[PDB]
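Note that the chains are named A, B, C, D, E and F in the order they appear, and that numbering of residues resets to 1 at the start of each chain.
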């Protein structure tokens, strides 16, 4: 039962890590993180085993401070859907928009948790698109800010844990053995090609 | 193991060197348990 | 027209030159009209 | 002959239907397979974008959907020896060969490498399929072995594999063909030093849409 | 293939019966047949007295009764030519070669010549079968021709031929096999100079008795 | 094998009938076909006027009527290549080769050229069939192709074709056979430089009349 796709993918791993400063002259405050599931090599190798995929996602935000102690401070997470403009500053108008859903949660509360459905104009996500427009499948954004009035003087460090749900896959393909070089390109190295089987002494042994 | 039984006979005007491809798969009885992350990647 | 698609492969100890005979005839739809003396003879 | 039906699905309909002049055996030129050859690949829906009625009705339209009936002959004498692996690959993306991690300094394949045309293109590293993926498990795709001591023919009926039921036939190559000489060609002296490989394809169940005069 | 049933009798029972691990295809090593070869013979119930479960259950017992299913492959190219004669001989007694009429001065074959083992032995005078008997009428036995332009295989199902229904499998070789190249091997230059001969035997209907631990 | 029935008529009766010793396979000697060969022809009812019982019963009689069952084997190795055209010709009149228009100065074929006998005769200009008639349309006769990569045998059942139901078997050759190497013989060095051609004929439904002792 633990060999199906729904158990091969559905497990709350760690996708991303977002920093935040909220300082003085560099009064950024916000921290946008374009969300793609190809961050860490493990999930990319498990997701490039297939050609087409379709899934919902559960997102869990676990926010700590620099040292680690957490004081009660309001935080706004904001999901910018595909096509909507990203926020530019801490207090721009793209923060008070009603289309962009927000989650208001304190630091002392349990970690935040939302769910994002299938949001592609095609019938399924495709990672290998042979042609000309990388494809145009996207999931959105997750800009986060400290809700306050007087500038907060702390630097947080959020973690974004993703779990896939209701996963369906199509057109299996072999597993990438060569190392990675870029994010959105399967570029390998021409020289120094690593063999898929470690060498042994001779062909008439069992090493 | 894979042993030479008799010989590799070959008629005239023919290369006396060939190859053998080995392939392998599981069966209907193959069952897998305990999920764990792999170690081919770094 | 008659084109070389891929190649003309040949194993060792074999002549790599062959021939193709072309033949041709009419069909059941072939109909002929207006008699006339030929011009192959003089 | 034995037919390997790709993914167990027949190419079916869902737009004009020519049904007369495009369901004919388009025969590509033969490839000369030699001792030190590496392999060949063909991006399909732009192989036939320059050949006759199918090229005319695929360039002047905007939407496209069809399957294919492939046929790969490789006729050699009874004294040659070797093996080929013919396999279709859905969404066969050619990777770039380099060791650069910067965006506009890393190499990328050109237009002639990604879309070879009606003359095909050869591999550079057939051990990694020019995609960073080892070919040893490339048998996960629909495939046949052309073994030069059992048969000389292969055939693949491949349906339409795409996420959108209609797509442009010019800016998106659906799937590719890859022939690879796993076992090299061997022959005694005095034989034909090169073996021809012939490919004929039939566009089963073609559908075209949105034609711009 | 065509099976020559020896003497028109199937090997039947009459004591333990293994029936599991001894009814398997024991495959002997291949013999390299060349131009100037002479022939080969095998004494059967002591060919398999050193190979696995049948050797264990034939050495540790005292009474023995079984038949055999033979298989002789000889795979050569379509440019080689020649012929073999494969024949079983009940009670194949190897004679000694000499010209002495005195009892303890006349020659006699050694233990390695009478019982060759799992590696066989070659003839010295194949015209007289090393027994003073001409091979031209050796077709009186069960036999097949391995002609290298018609087939490459032979099979002999041989029953139990003995005067006593039980006998020792160590001190009495029941019957022998003899392969003889009647027509020699011929080939043009550049071909494989030696042809392998493979023999697989199956001990049909084995019975063992009186086991001494 | 595939039999080409000449003109769609079986040789039938209409006089003594031997029916025993003349309906046997008369086998002519083999012709050595080489690279620079031209062709061969046989005038039939005087091929067998010197061979045994049919020759005796055809020389000592005055009236004759029979059909024929032909068989032309040409056994070559699988490395030779070429093609033969075997065709029967009713009333095959050999022309003379010259450029003279005067009656008793123009050339004429001799007795050995018109009636070759049981050893046949070779052509001089096979492009014009030695009759001023091009062989390209010689497929209008009953004929077969002996192609050395598909088959090695041909057979022609030819009936009695004559304007008078009885005629002399000595002074009138009814019809002839012509084998012509359209595609020449090719072979690599080290093979057999000449291919034998064997012809066996059977006089189906023979009838003889008016025997002069």
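To be clear about the criterion, a residue touches a chain if its C-beta (ideal position, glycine included) is under 8 Å from a C-beta of that chain, and two chains touch if they have at least 3 such contacts.
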{"item": "Longest centre-to-centre distance from chain E, chain (CA-based)", "value": "A"}
{"item": "From the options C-D, B-D or B-E, the pair that copies C-F, where over half of the contact pairs coincide", "value": "B-D"}
{"item": "Selected interface, B-D versus B-E, where C-beta contact pairs are more numerous", "value": "B-E"}
{"item": "Geometric centre distance via CA averages, chain B-chain A, whole Å", "value": "40"}
{"item": "Chain centre separation in whole Å, for chain F relative to chain A (CA means)", "value": "89"}
{"item": "Cα-centroid distance, chain B relative to chain F, in whole angstrom", "value": "60"}
{"item": "Chain centre separation in whole Å, for chain D relative to chain C (CA means)", "value": "33"}
{"item": "Touching two or more other chains - residues of chain E", "value": "78, 188-190"}
{"item": "Junction residues of chain B - those touching two or more other chains", "value": "12-15"}
{"item": "Residues within chain A bordering two or more other chains", "value": "177"}
{"item": "Residues of chain B defined as touching chain D within the complex", "value": "13-15, 17-19, 21, 23"}
{"item": "Chain C partner contacts - residues on chain B that touch it in the complex", "value": "12-15"}
{"item": "Residues of chain B touching chain A in the complex", "value": "31-33, 35, 37-38, 40-42"}
{"item": "Chain B to chain E touching residues, read off their complex", "value": "3-14, 16"}
{"item": "Chain C partner contacts - residues on chain F that touch it in the complex", "value": "79, 81, 83, 139, 182-183, 186-188, 190-191"}
